[PDB]
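Asks: pasting the first bit of my complex, frame unchanged:
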Amino acid sequence: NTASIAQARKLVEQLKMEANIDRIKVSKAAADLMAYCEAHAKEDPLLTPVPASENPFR
Amino acid sequence: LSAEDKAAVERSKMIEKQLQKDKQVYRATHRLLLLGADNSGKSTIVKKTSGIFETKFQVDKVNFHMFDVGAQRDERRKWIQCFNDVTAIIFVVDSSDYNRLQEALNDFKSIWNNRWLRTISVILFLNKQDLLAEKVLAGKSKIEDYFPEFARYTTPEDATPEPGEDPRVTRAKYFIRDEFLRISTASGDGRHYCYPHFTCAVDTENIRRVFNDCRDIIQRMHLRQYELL
Amino acid sequence: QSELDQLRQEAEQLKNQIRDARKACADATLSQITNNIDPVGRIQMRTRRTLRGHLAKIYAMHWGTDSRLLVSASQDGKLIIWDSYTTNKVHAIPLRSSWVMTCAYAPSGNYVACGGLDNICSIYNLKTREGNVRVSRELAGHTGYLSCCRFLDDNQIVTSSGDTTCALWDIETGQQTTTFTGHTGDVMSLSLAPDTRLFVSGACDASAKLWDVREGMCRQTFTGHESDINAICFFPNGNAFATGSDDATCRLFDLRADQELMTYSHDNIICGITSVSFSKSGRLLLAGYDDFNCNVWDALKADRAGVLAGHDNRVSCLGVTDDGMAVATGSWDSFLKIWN
Amino acid sequence: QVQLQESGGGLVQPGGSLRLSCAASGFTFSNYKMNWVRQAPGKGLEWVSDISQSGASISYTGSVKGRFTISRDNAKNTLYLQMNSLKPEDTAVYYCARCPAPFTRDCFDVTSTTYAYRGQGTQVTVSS
C-alpha cells in the first residue's frame, strides 16, 4: 500500500466530520460582536483613556 | 524615596551588572550559519536527539560559533529569518555531481535575494574538488548537457593551484565558480558580497579561510559607517 | 490508481458542498451591518516606558496575569522579567540555546516557558526556595522548531511546532498527552481560549483550525488568507479570533458562523503582519508589521485608527494587558515600549 | 483556499509539442512569482522555469533552455509553458508553483513534502 489512499481517507473523514455542524447567520454573529464591544467599551482603557490619576503608567 | 523599593532597585543593578559583562562576550564572538547541501557538510575538521547543532572553534583568539541546522523539516523560508544578524552564511556546494548543481544554484539565489538576508555576506565553499578532478579527467560524464554555456566558456585570467592542473579540470572548476558569481553580482548594490573558495573533503587550512573572510566582512562594514567605502 | 482519483473527486465534491453551505448562510456583510455605527476616531498613543537591556532582536513577549510583570525572550540567549511600572528588572534567565522563538508566562506567575528553533520547550521555576532560578523541566519530543507556548495552567502547557503539529504536555510527567495533527505547513502561533477550553492555530499554509484539549481533533478549518499565517489571537468573548498573515494583512473569523467576517487591508500596506492581539473590549485590534509600525485597527470597521510608530527595526510581538491599561511591543531593534 | 489547476499532459513522440496551462484561483495573481517544477520518476523533483510579477525576468534550467517558453496571462489568471522539442527525459509529473510571498523576489518552493501553493499535477509521457 502507498498509504496515500489511507491519508486521503482520514482527510475526507475529517472534512465530513466538519460538514455536519451547526450554522448561524453572519448578521447575528456581527450583532453579537457589536454587542460585546458596546458592553465593555466603557471599561476598555485604550478606547476611553483613563485619567492620569489612575494611570499606573503615568 | 521609598524604603522597600530600595531592595528592588538594588536587585535591578545586580542584573544590570551581570548583563553588562554578557554584552562584551556576545559582541566578542562571531555567529556563522552553516548551510549548503545535504552532503559535504563538514563541521568535524573544524572540530539531545534534535534541534540545532553548534560547534565552537577559536582562530587567532577570536571565537566563532557556527550553527549547523539539523533535525528540521524541509521548508526553511520561516526559520531562516532567525539568522539575519549572523556575520556570515557559509554555503557549501557539492560540485562534481552536475545533476543537483542547478538545484544548488537556485538554492543560493534564494539566499542572496531574501529580504532578511540582503546584508549578510555568504562564504562559498565549492566543496569536493577531488571528486571534480576525477570526474572530468575520466571523461565518462561530460558537463555540457546540464549547462550548454560550457561549450563557449573560456577560462578567465586566474590562478591555477599547482603546475599539473589539466586545462580541462581548471576550466570546469572555474566555470561553476562563475555561475554562482553571476547570481551574486545581479543584486548589484554592494551591501553584501560572496567569497568563493575551492575547498576539498579534508583541508587543515579551512578554519582560517573562514577567519579571513569574516575579517574582511567586518572591516568592510566599519568602513561603510565612515562613508570611506 | 483509480481509487486515488475517486478519493480526490470525493474530496473536491465535499469541499464544494462545504463552500456552498457556508454560502447562503451569510445574508449581510459585517460592513453593511456596521454602517450606522460611529467611528472610533483617530487615537493617539505615546510611549510611556521604553525597556532597555536586550542585546539582539526580540522574538516574543508575554504579559503576566497581574498586568504588571512581563517576560521577553531575545536571541542573545536571555529572557528577562520586567516590572513595567518601575522599569526595574526582576530576573534575567540565561538560556541554553540562544535561538529562542517564543516565550510564555504562567497564569499563576510561578513559571515561565520558552522555546525556539531547537525542537524543545523549557519550563523555568521562578518562585524557588533557594532564590536562584533553575530549569524545572525540558519538554523534548517533537521535531521541528517550536514557535509558540501557552501555559494552560501550572503543570499543563500546549506547544506549536514547525513539524506541522501541536502537542499538549504534562510538565511533571514530561510526556506528550495529546497531539493535534492535520496542518500541512509550519504552525506559527496559537492562542488559548478565554475559558482555556479550546484554541486556534494558524499555519504556513494560509489556513487556521480550532482544536479541543480534551480530545485532540480539529473542529473547524477556516481558509481565506493567501500566504503564511504569522499570528493569531482570541477575541475577548472567545467567539472569534483574528489572524494576520503575510498575504497582505489581517482577518477576522467567527467559530460559529464558520466563515471570515471581514478583512483589514489598505493599498499602502505592502508587507505582512507579524503579531496580533485584541484590546480589552475587542474594539481595538492591534497588529505588528514589517514596516516597523503597529497599526490599531478598530474591529468593527475596515479603516484603521491609530499608528504606533517608534520602532527602528521590524515589530515581532505585541500584547495588551489583562486590565487593558497598557500595550507592549517588542521589536527587532531589541527594545520594548509600553504605550498607553 | 488557494488552487492551482494544470492541464495538457499526454503521450507524445520524441521531438513533439505540448502546452501546459496553469489555472489559478483563490489568491492574488500578479503579485507573485510563479515557477515550474517537475518530478521525473525514480528521483526527486526539480525546478524548471520562472517568471516575475510583470513577466519580464524569464529564466530557465539549462536542460530545457532554448526549448521551452513560458507566458503569464494576469487577466486570465493563468500561466503557460509551451513545449517545443520533447525528449524522453522530460517525462514527468509537472507542478505549477507559486512563491510563498507577494512583492518578493525569492522562493523556497521545491520542497518534497508538503509545499502548499503547488499544483496537483499533470503527467507528460514521451515514448514511441
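Replies: Nice, thanks for sending it over. Numbers count the residues shown, from 1 in each chain, chains lettered A, B, ... in the order given.
Asks: give me the residue from chain D nearest chain A.
Replies: residue D:114 (11.3 Å; Cβ to the nearest Cβ). Any C-beta I mention is one placed from the backbone N, CA and C, and that applies to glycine too.
Asks: Pull up the residues of chain B that are close to chain C.
Replies: When proximity is defined by Cβ under 8 Å from any Cβ of the partner chain, chain B lies next to chain C at B:5, B:8-9, B:11-12, B:15-16, B:18-19, B:22-23, B:26-27, B:49-52, B:54, B:67, B:69, B:71-73, B:75, B:78-79, B:82, B:84-85.
Asks: Residue numbers of chain A in contact with chain C?
Replies: A:4-5, A:8-9, A:11-12, A:14-19, A:21-27, A:29-34, A:36-37, A:40-41, A:43-47, A:49-50, A:55-58.
Asks: In helices, which of these fall?
Replies: Per DSSP state H, helices hold the following members of the residues of chain A next to chain C: A:4-5, A:8-9, A:11-12, A:14-19, A:26-27, A:29-34, A:36-37, A:40.
Asks: returning to what we had before: can you list which of the residues of chain B next to chain C are found in helices?
Replies: Using DSSP H, the residues of chain B next to chain C in helices are B:5, B:8, B:9, B:11, B:12, B:15, B:16, B:18, B:19, B:22, B:23, B:26.
Asks: isn't the first one right up against residue C:83?
Replies: No: look at residue B:5 against residue C:83 with Cβ atoms under 8 Å: they stay out of range, at 10.1 Å.
Asks: Please report the number of neighbouring residues for the closest residue to residue C:315 other than its chain neighbours.
Replies: Excluding the flanking residues, the one nearest residue C:315 by Cβ to Cβ, 6 or more residues apart in numbering or on different chains is residue C:288, at 3.7 Å. By other Cβ atoms under 10 Å in any protein chain shown, 28 other residues sit near residue C:288.
Asks: Residue C:288: what's it in contact with?
Replies: Contact analysis of residue C:288 by Cβ atoms under 8 Å, 6 or more residues apart in numbering or on different chains lists C:231, C:244, C:273-276, C:294, C:314-318, C:329, C:331.
Asks: okay, now chain E:
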Amino acid sequence: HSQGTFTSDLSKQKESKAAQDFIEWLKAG
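Replies: One more piece, chain E, placed on the ones above:
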C-alpha cells in the same frame, strides 16, 4: 601651533607699536 605663533607675532607688533606711541607722545609732552 598656528594660533600660538600668530598670537606671539601679533603681540610683538602691538608691543612695539605701544613703545612707539610712547616715543611720539613723550616728544609732544
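Asks: tell me which element the spatially most central residue of chain B falls in.
Replies: Centre of chain B computed as the mean C-alpha position; nearest residue by Cα atoms, centre = their mean is residue B:90, 1.4 Å away. Using DSSP states H and E, residue B:90 maps to strand B:88-94.
Asks: So in terms of bridging, what pairs with the residue nearest to the centre of chain B?
Replies: Judged by DSSP bridges, the bridge partners of residue B:90 are residue B:34, residue B:123.
Asks: Next one: it from residue B:40, what distance?
Replies: In this view, residue B:90 and residue B:40 are 11 Å apart by Cβ to Cβ, to the nearest Å.
Asks: intersection of neighbour lists for the two?
Replies: residue B:125.
Asks: Mind checking if stretch C:44-59 is in reach of chain A?
Replies: Yes: using Cβ under 8 Å from any Cβ, stretch C:44-59 reaches chain A at C:45, C:48, C:49.
Asks: count of neighbours near the residue of chain A with the smallest separation from chain D?
Replies: Nearest to chain D, among the residues of chain A, is residue A:7, at 11.3 Å (Cβ to the nearest Cβ). Residue A:7 has 11 neighbours, counted by other Cβ under 10 Å.
Asks: returning to what we had before: so the residue nearest to the centre of chain B sits right up against residue B:35, yeah?
Replies: Yes: using Cβ under 8 Å, residue B:90 makes contact with residue B:35 at a distance of 6.7 Å.
Asks: Phi, psi for the residue lying closest to residue D:98 once chain neighbours are set aside please.
Replies: Leaving aside its sequence neighbours, residue D:98 sits nearest to residue D:117 (Cβ to Cβ, 6+ apart; 4.1 Å). When read as degrees, to the nearest 10, the backbone of residue D:117 gives phi -80, psi 60.
Asks: Tell me, how many residues neighbour residue D:117?
Replies: By other Cβ under 10 Å, the residues close to residue D:117 number 24.
Asks: Chain F goes on too:
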Amino acid sequence: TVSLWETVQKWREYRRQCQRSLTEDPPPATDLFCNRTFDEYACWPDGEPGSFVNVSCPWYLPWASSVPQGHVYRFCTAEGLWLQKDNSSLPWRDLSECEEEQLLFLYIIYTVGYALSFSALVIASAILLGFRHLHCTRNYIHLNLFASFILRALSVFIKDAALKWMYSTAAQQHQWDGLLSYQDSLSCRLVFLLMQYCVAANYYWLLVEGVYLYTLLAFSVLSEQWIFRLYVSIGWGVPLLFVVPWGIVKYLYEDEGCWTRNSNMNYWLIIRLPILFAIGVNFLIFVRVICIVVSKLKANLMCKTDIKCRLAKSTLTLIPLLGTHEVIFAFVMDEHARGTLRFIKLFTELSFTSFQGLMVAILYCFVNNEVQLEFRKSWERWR
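Replies: Chain F, in position alongside the others:
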C-alpha cells in the same frame, strides 16, 4: 622685543637722573644762554648763546637704542631765552634724528572660520545628541571631538578679546605710563593658558579619533565600556601633562606680557613637540587607512579603473577628520623666520584649521546617511 614697561621704567630713571643733574648744575656758565630746563623728551640742560648746542639722543628709548649717538644741536638765543620756530616754543628739530596688514588679514580670515565653524558644531552636537538612535561609541568620540573644536573656537575668541584689553585701550597705556594694568593680573595670564590647553586638547581628539578608527580595522574589539574611558582620559587628560608644565615654566622663568610672546623658543617646544607627535601619528594612521581602502577597492574585482574617483572622495572625506592638512607645513618650525614662507605657513594653517570644524561638522553630521535617515524618519512620524 623691548617692553613698554621696560622703556617706561628706563625713562623714569633717566628723568630722575636728569632732575638730579639739573639740581646739581642749574646755574648757567655765561648767563647768556637758555636756562637748564629738562623737557619730557630730553634734558638739553646746556645752552649755546646764539649758537647750536648738541644735545645727545636719550639714554633710554627703544626706537633709537641701536641708532648712533647723533645729537640735537639746540639753536638757542643769545638773549638767554629759548628760540621760536613758526610760533613754537622750540625749534632745534635736530631733536632726535633717531630710529602690518597681513596679520589683520589673517585675523579676519580665521575669525570668520571659527565663527562659522562654532555655529555649525553646536548645531551638529545638538543633532547628534538629540536623536538617541545615534548613540554609539563612534558618535561619542565624535561628540567629544566636536566639544574640543567648540572649546578651541571660544578659546580663540576670548584670547584675542583680552589681548587688546591691556594694549589697545589708551586707558591701559595711560595707566602703564605711571602705575599698573591688566598685564599684571593673573586672570589675564590664565586666559592664554586656557587657549594653549584648548588647542592641545583639539589635536588629541583628532589623535583619539584616528586611533579609534584604526583599532576597528586592525584589532579585535575589546570592552566598549573601558576603551571609551581610556579614550576620554587620553583626549582630555593627556593635554594637561604638557600644558601645565608649560604654565609652570612661564610663571617661573618667562613671565613678561601675559605669556603671549614666545621669547624663548625652547620653552615653546614643550607644548609643541607633543602636538607634532600627535599629528605625525595621525598621519601614519591616515596612510594605513587609505591603503586598506584601496586594497578593498582593488579586491572588489568590479573595479573599472574609476577607483581613483572613489578613492579621491574617500581621501577628501577623511582629511578633515584626522586633520592631515596640518602635516604639509608641520615641520617648517619657527626657526624658519622667513617672510613669504612664514606668511604661507600661517595662512594655510590658520585658514584650514579654522574651517576644519565646519568641514567635520558637515561631513560627519549633515551628509551622513544615518543622520539623514534620522530626519526622514522623524519627518514621516511627524503626523
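Asks: ok so, going back, remind me what the strand holding residue B:90 packs against, helices and strands.
Replies: Packing partners of strand B:88-94 (3 or more Cβ pairs under 8 Å, 6 or more residues apart in numbering or on different chains; DSSP states H and E): strand B:29-36, helix B:101-113, strand B:121-127, helix B:207-225.
Asks: got the angle for that strand vs strand B:29-36?
Replies: Angular relation of strand B:88-94 and strand B:29-36 on a 0 to 180 degree scale: 30 degrees, by axes from the mean of the first three to the mean of the last three Cα atoms, to 10 degrees.
Asks: can you list contacts of strand B:88-94?
Replies: By Cβ under 8 Å, 6+ apart, strand B:88-94 touches B:30, B:32-37, B:39-42, B:66, B:83, B:100-101, B:104, B:108, B:111, B:117, B:120-128, B:176, B:180, B:199, B:210, B:213-214, B:217.
Asks: same question, stretch F:35-45
Replies: Outside stretch F:35-45, the residues within contact range by Cβ under 8 Å, 6+ apart are E:26-27, E:29, F:15, F:18-19, F:21-22, F:25-28, F:34, F:46-47, F:53, F:55, F:57-58, F:72, F:74, F:80, F:82, F:90, F:92, F:95-96.
Asks: Just the ones in strands from the residues you listed, please.
Replies: F:53, F:74 (DSSP state E).
Asks: Which of the contacts of stretch F:35-45 fall in helices?
Replies: Judged by DSSP H, these include F:15, F:18, F:19, F:21, F:22 as members of helices.
Asks: Taking the residues you listed, please make a PyMOL selection of just the buried ones.
Replies: Entered in PyMOL, the line below selects the buried ones among the ones in helices among the contacts of stretch F:35-45, by 16 or more other Cβ atoms under 10 Å in any protein chain shown:
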select buried, chain F and resi 15+18
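Asks: Go ahead and confirm residue C:99 touches residue B:54.
Replies: No: Residue C:99 lies out of contact with residue B:54 (Cβ under 8 Å); the separation is 9.2 Å.
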